[PDB]
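So the structure is just underneath, and the comments pick up after that.
Here Cβ is always computed from backbone atoms with ideal geometry, including for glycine, and neighbour counts include all displayed protein chains. FYI, it's all coordinate maths here, none of it is from the lab.
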Amino acid sequence: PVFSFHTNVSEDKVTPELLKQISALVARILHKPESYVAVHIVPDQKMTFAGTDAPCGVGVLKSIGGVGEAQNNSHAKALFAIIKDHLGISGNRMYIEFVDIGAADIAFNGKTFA
Amino acid sequence: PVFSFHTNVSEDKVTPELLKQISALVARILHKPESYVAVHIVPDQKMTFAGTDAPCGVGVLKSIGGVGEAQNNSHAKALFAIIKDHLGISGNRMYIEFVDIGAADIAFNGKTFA
Amino acid sequence: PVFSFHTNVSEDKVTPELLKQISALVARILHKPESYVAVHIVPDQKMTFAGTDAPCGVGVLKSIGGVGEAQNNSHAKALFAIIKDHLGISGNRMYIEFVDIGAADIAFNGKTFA
């Protein structure tokens, strides 16, 4: 899995602990070995939400399985909570997209997964 | 909706007015309340197009509905126009992808939309 | 086509030659005119893989056709090789997603491709 998140919050506010916590959370909620988990957080971005430059963010959780029409709402609760707790972004100013990737459509160690 | 765009044009050339104009445009063309619209512009990127580092960009407009096989060409006219007008990027050196996201596959305020 | 790749490796390690080589490689492997190829490399990112901040990266190759359940494994061999050769990232610390985009869902020169 890959969790990516882009935000206009300052880099200083983005800590090693945040990425390590997200990493562990994503492994748990998707039931994936953490050796497969990538986390990518991009601060200091030029963004607006609702037409204003107040703190906001947009991100994606991509995985082969684990994401799914009936699991994603739970995933969203957990991920919005950790981001709000560390970064302070309001829930009405952030999105997370969930992408279920076919195994033939993502590669790792020089090969696709199918 | 989310409009994201990555470019090698200088940050100084990227203005608050550009993001606010895009925000209003996206709300209009997708018939979405602007309270749901996110805009994300990333300058000073390391890019090539056609094998050269002249100004270029790539972006995505993602939405639950509003994008669609018969509406996207119109969207593209409008978005290419505003980006060329502000940033000066030639149309043959930029892409915009349109992504129709299922409601179960994106979250806002701690919940998916389905 | 668009090849995008995000990494925590230093910008200095990312050279004009790397982007030009990728550009030529992507044109060859997808059988696309290089005039349509965009390359986007983003260094100095805040990332983890397997819970650690050692060098890693995540990227996407998007195209109208050329990518496909039976061609992607070959694409992955080639792209992992060039990235490892230039940037030194281990194969077990990087992903590349392949996205087959419908022609109606991407625009160039102010129009969608369908």
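Of the cross-linked pairs B:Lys13/B:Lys77; A:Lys111/C:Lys84; A:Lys62/A:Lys84; B:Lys20/C:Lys20, which ones have a Cα-Cα span greater than 24 Å in the structure shown? Over 24 Å Cα-Cα: B:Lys20/C:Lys20.
Taking the axis that rotates chain A onto chain C, the chain A residue nearest to it by Cβ, with the distance rounded to whole Å, is A:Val42, 5.
Take every DSSP beta bridge with both residues inside chain B and express the antiparallel ones as a percent of the total, to the nearest 5. Display every interim value, and only then the final one.
Numbers: 9 of 21 bridges.
Within chain B, antiparallel bridges account for around 45 percent of the total.
Each Cα pair under 8 Å and six or more residues apart adds its sequence gap; the mean of these over the residue count of chain A is a relative contact order of 31 percent.
Antiparallel beta bridges, as assigned by DSSP with both residues in the protein assembly as shown, represent about 55 percent of the total such bridges. Centre-to-centre separation between the Cα atoms of the range A:1-36 and those of the range C:55-114: 23 Å. Our helix-only sum for chain A, with -39,500 (n - 2.57) per DSSP H run of n ≥ 4 divided by its residues, gives a mean residue ellipticity at 222 nm of -9000 deg cm²/dmol. Residue by residue along B:94-101, Cβ atoms of other protein chains within 10 Å of the local Cβ number 6 on average.
Against the longest principal axis of chain A, how steep is helix A:72-87, in degrees 0 to 90 to the nearest 10, with axes from Cα atoms? Compared with the principal axis, the helix lies near 40 degrees.
Counting only alpha carbon atoms, the long axis of helix A:16-30 and the longest principal axis of chain A meet at about 50°.
Shielding by partners for peptide C:4-15, expressed as the average number of C-beta atoms from other protein chains within 10 Å of each residue's C-beta, is 1. Among A:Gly59, A:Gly68, A:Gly51, the largest mean-square fluctuation in a Gaussian network model of chain A (Cα springs under 10 Å) belongs to A:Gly51.
Taking the Cα centre of the range A:2-105 as origin, sum charge times position over the Cβ atoms of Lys and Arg (+1) and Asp and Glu (-1), and report the length of that vector in debye to the nearest 20.
180
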